[PDB]
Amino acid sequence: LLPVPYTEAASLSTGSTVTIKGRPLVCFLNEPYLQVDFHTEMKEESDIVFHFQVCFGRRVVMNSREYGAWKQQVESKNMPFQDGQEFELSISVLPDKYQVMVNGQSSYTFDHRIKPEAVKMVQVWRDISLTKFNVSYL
């Protein structure tokens, strides 16, 4: 297990992938969350280029936080995460957007509001155990 909340310094550009392997701590009936935030600084109060929040069994919200203010929330009812199971989450930086893979299935996209080069830190937190976190590049 990696500690949760998990914070890692990171640089992203086109071709960067962020891969997370984890498991919800409790059954989907109890609505555990997962959050992944791409921050502009190492401090947790810093702006968020890309905010990804799963309410397991219900929905996903995505947003940015810019100069401390939450922007236009995007919502998906797409729920490929399986009750009780380990997940593999992969977030890829494409030229125009983030691609979110769940268990090898394209599940969510989010157009760049801020250049991904603004990211200095990824935080993974809320009601999961974390087995793997990797930032990679092709």
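Residues carry their position along the shown sequence, with the first being 1.
Higher average CA B factor: 83-91, of the stretches 44-52 and 83-91. As listed in the deposited structure, the average C-alpha B-factor of 98-106 and of 32-40 is greater for 98-106. Looking at the C-alpha B-factors along this chain, the one for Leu130 belongs to the highest third.
Per-chain ranking of the deposited C-alpha B factor places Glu66 in the middle third.
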